[PDB]
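Throughout, read-outs are computed from the coordinates displayed, never taken from laboratory work. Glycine also receives a Cβ, built like all others from the backbone with ideal geometry; neighbour counts cover every protein chain displayed.
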Amino acid sequence: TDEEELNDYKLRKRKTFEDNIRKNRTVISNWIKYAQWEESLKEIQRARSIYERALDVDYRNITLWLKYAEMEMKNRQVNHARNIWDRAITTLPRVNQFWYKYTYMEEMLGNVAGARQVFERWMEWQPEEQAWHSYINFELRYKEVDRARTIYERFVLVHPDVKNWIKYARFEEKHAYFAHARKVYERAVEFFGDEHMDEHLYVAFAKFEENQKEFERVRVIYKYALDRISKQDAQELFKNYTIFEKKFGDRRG
Amino acid sequence: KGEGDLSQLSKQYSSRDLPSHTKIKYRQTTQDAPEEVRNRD
Amino acid sequence: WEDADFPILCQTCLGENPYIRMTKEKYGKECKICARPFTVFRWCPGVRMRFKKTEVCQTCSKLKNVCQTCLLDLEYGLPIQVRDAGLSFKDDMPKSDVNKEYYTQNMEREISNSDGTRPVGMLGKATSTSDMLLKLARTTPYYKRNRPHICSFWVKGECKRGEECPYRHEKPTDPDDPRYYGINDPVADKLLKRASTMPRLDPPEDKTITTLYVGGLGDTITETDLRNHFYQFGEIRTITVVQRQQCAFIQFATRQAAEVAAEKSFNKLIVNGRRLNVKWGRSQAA
Amino acid sequence: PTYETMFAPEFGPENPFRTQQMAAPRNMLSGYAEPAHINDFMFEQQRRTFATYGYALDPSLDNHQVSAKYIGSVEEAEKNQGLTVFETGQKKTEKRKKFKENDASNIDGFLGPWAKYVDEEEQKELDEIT
Amino acid sequence: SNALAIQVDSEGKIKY
Amino acid sequence: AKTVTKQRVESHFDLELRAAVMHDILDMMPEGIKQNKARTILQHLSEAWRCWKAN
RNA sequence: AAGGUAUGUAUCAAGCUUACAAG
RNA sequence: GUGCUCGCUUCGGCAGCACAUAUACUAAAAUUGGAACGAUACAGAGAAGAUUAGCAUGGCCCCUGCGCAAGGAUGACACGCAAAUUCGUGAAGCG
Ligand SMILES: [Mg+2]
Ligand SMILES: [Mg+2]
Ligand SMILES: [Zn+2]
Ligand SMILES: [Zn+2]
Ligand SMILES: [Zn+2]
């Protein structure tokens, strides 16, 4: 009667969980514990059914989606996990975790233009900084001169952060990009803060042009100085500007 | 194609559902009937 | 719960008259599976025949592409599990009263409201057919389906009606061999009937018959047709297309793949629209 | 509307991927079902002609584009040469004579139209089956 | 098949 | 459905009052992760009424 | 008339239900 | 079958006219699934001491009732999920 007691255990827990969901159809603890209880049976086509009718009652929670997808991804059913990630991200665009875990899943698989397509869809909704420079970090960790150039001019139109203006000045500090890196500095210098500078762009521009030679480095800190902020700088850096310009040149007597 | 109980599925002819006030008064001309509203100041 | 306009009705249930008169109710009986109130229809097939009303609803017929009263396939005239095993997919449906039963019938009705033209899931695999089922699709059907069932009081010899007893007489049924999927009693005998046909005897040797006298080429079979139908089997050792008799000679290296060709072509390999001609070759240096 | 538009055939290899039945036209899951307005009486007449004698004319619109035959079992139609049921036939053969008592005078002897006609081992097997 | 049917328009990007 | 006759007047006012304060706090709280520990604002409401009757 | 002599389970027939689909 | 017409030649034979397709076919069933009640034996009884009026909410639970009354033990059935606080692991990004 081992079959009898086994099916008794299964039928009593199923009857318990079905009465628990039938009482409260809104708290979703019941569906996730019942569905992962059948996931503990390790061979199922019904825990899929439990989740896929558990989102009829509430599709707007992230927990059910990411738990059903990490269930389907925890097992070898990769096609189904991808096939529910795409409906998760088209149904709920603004939640970051679905995009992150679906990109991460395809990173652990091949780096196919599927993954880049997932990413550019994720770009298309105009997210925050956290996602965008994560995608440029993806393009750097596959060593893309071409594609990290491609996807990062569309960046700056939406985030004009000074922290991001100085890091569109990155082809200098990785490729040195001479003439068009100087054009990146032109793009840095003409935009917002024309007389007010946001007090930070030309610090890093002076750091690179001081890392460069005396090509045209005298101008921007001292002789393009019409654009001051009431003193041209705080007290914290102008003597540092002077000894910044002093001892890194031809040093003529 | 098989509606709820009010349509065909029930013979429960309840009272309070009995053809009371089965014609509608329209607002006639001496009151504020909408033809006399289409121009008033 | 359900109205209708005209029933499904495979051809053996209509009867031999092109002019039949048929009556309808609005909510008739219930479906004998799901207890749903369809619209029962009744008619007379033939002048020696019972009335054979209507057994299941239009929904439970559109699920499995089944006729309306005798519960056979609308495309073939075959039982249900013959079709589903012959198409190797079952299109599941529950067994209990509610447990997913009227739930799934209600919802599959709700997603069948648009078409009303084809079955709900069988449409994709009812195309890749006509190979294993077409050998048993009994056309020119027997109308013993429509004859009225056997009366009592002839069974007890009491029937005072005499001749005008409408039902039948002198057909004592036998209590040894008489639902919707499985299991059904004559279907096991019919699948034993298809598994145990009449072939040619398998001659006592060790697979030497890799050659075979297949012919009736006419103008239908060409050389690349038959050797690409055998290239999926495997490799030849010698082909010829002998057109004095319209025949083709193929062999296999280590017979086995051409073995299933012997299973494929006992007057059975039907490509290009012809019952091909097959008898046994030599494999005897003759 | 023009004849050439609707009568224009379809280009293609007819799509033999399907079965015969699914490629066939329909509106109802079993054949194209459409209304009709036949005369009641000639419907009933040719219906009863088939129901008695096993032959009738065939109903169609576009089968061969010409259809004027008989159907059912063919040869018995021209055995009777196309007569009907409402016709006083060419012969009065194989009739069957009833005995009539239409006086309404005798009691238990009057059978009007209720007249019963002048014509008026298995049980071992039946007991072994039951 | 097991998977869905993949649809992109004739000119533009991948349709979802 | 059933009307609100005189025996369930008082047992319907509480029902609609706590439905109204339920989907007022559901639409008033900002984007924090938990709403009311699933019930606690209602407990403060009923305690506020008990303290009102007891002054 | 209800408002009081609780209801909730487990085995055992008539009441009611179709007299059907069927190699 | 009928009745009528010599209508064609015997009252008889014939011809025409008028009339035009019922039935959930059964007195049965090899029949069929059998749920309610009653019996049998168990379980037994809302609200943090005891005795307790209740009225609700939820739906795959119903009964009585003409019920958009009301009553069926408040008709029954409704239980441990703590969350965020400490800490481990892992990921994404940045310096
Ligand atoms: Mg209660
Ligand atoms: Mg009550
Ligand atoms: Zn049905
Ligand atoms: Zn049928
Ligand atoms: Zn009989």
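A few comments on the model shown:
- Looking across segment C:1-27, the residues that are more than 7 Å from every other protein chain (Cβ to nearest Cβ) and either crowded, with 16+ Cβ neighbours inside 10 Å or more than 30 Å from residue B:10 (Cβ to Cβ) (or both) come down to C:4, C:7, C:10, C:11, C:12, C:13, C:14, C:15, C:16, C:20, C:21, C:27.
- As a summary of the residue check, residue D:29 satisfies the conditions (1) more than 8 Å from chain C (Cβ to nearest Cβ); (2) within 30 Å of residue C:126 (Cβ to Cβ); (3) among the aliphatic types (A, V, I, L, M) except for the one numbered (1).
- Tally of residues being in a helix (DSSP H, G or I) and aliphatic (A, V, I, L, M) across segment A:1-60: 7
- Filter result for residue C:166 (within 11 Å of chain D (Cβ to nearest Cβ), part of a loop (DSSP other than H, G, I, E, B) and farther than 26 Å from residue C:66 by Cα): no
- So residue A:154, is it closer than 30 Å to residue A:93 by Cβ, away from RNA strand H (no atom under 13 Å from the Cβ), in a helix (DSSP H, G or I) and within 16 Å of the chain's Cα centre (by Cα): yes
One line per residue, one yes/no per condition, for (1) within 16 Å of ligand 3 (Cβ to nearest atom); (2) surrounded by 11 or more Cβ atoms within 10 Å (Cβ to Cβ); (3) under 30 Å from residue D:124 (Cβ atoms):
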position: C:148; (1), (2), (3): no, yes, yes
position: C:157; (1), (2), (3): no, no, yes
position: C:172; (1), (2), (3): no, yes, yes
position: C:178; (1), (2), (3): no, no, yes
position: C:208; (1), (2), (3): no, yes, no
position: C:212; (1), (2), (3): no, yes, no
position: C:224; (1), (2), (3): no, no, no
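- Identity of the residue in segment D:35-53, assigned to a loop (DSSP other than H, G, I, E, B) and within 24 Å of residue D:70 (Cβ to Cβ), that ends up farthest from the other protein chains (Cβ to nearest Cβ): D:37
- Residue count, segment A:226-248 (criterion: in contact with a helix residue (DSSP H, G or I) (Cβ under 9 Å, 6 or more places away or on another chain) and closer than 26 Å to residue A:183 by Cα): 9
- Residue list for segment C:59-90, restricted to those being in a loop (DSSP other than H, G, I, E, B), more than 23 Å from residue D:27 (Cα to Cα), more than 13 Å from RNA strand G (Cβ to nearest atom) and not hydroxyl-bearing (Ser, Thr, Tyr): C:87, C:89, C:90
- Here residue A:138 meets the list (1) of a type outside the set (D, E, K, R); (2) crowded, with 17+ Cβ neighbours inside 10 Å; (3) outside any helix (DSSP H, G or I) almost entirely, failing just condition (3).
- Residue count for segment A:99-131 under the criterion of being out of contact with any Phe, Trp or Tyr (no Cβ under 7 Å at 6 or more places or on another chain), loosely packed, with under 15 Cβ neighbours inside 10 Å and not acidic (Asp, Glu): the result is 11.
- Contact annotation: residue pairs with Cβ atoms under 7 Å, 6 or more positions apart or on different chains, pairing a residue in segment A:69-84 that is within 13 Å of residue A:101 (Cα to Cα) and away from chain E (no Cβ under 12 Å) with a partner that is among the aromatic types (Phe, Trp, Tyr) and in a helix (DSSP H, G or I), are A:69/A:85.
- Conditions (1) more than 16 Å from ligand 4 (Cβ to nearest atom); (2) out of contact with any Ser or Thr (no Cβ under 7 Å at 6 or more places or on another chain); (3) within 14 Å of chain D (Cβ to nearest Cβ): number failed by residue C:104: (3)
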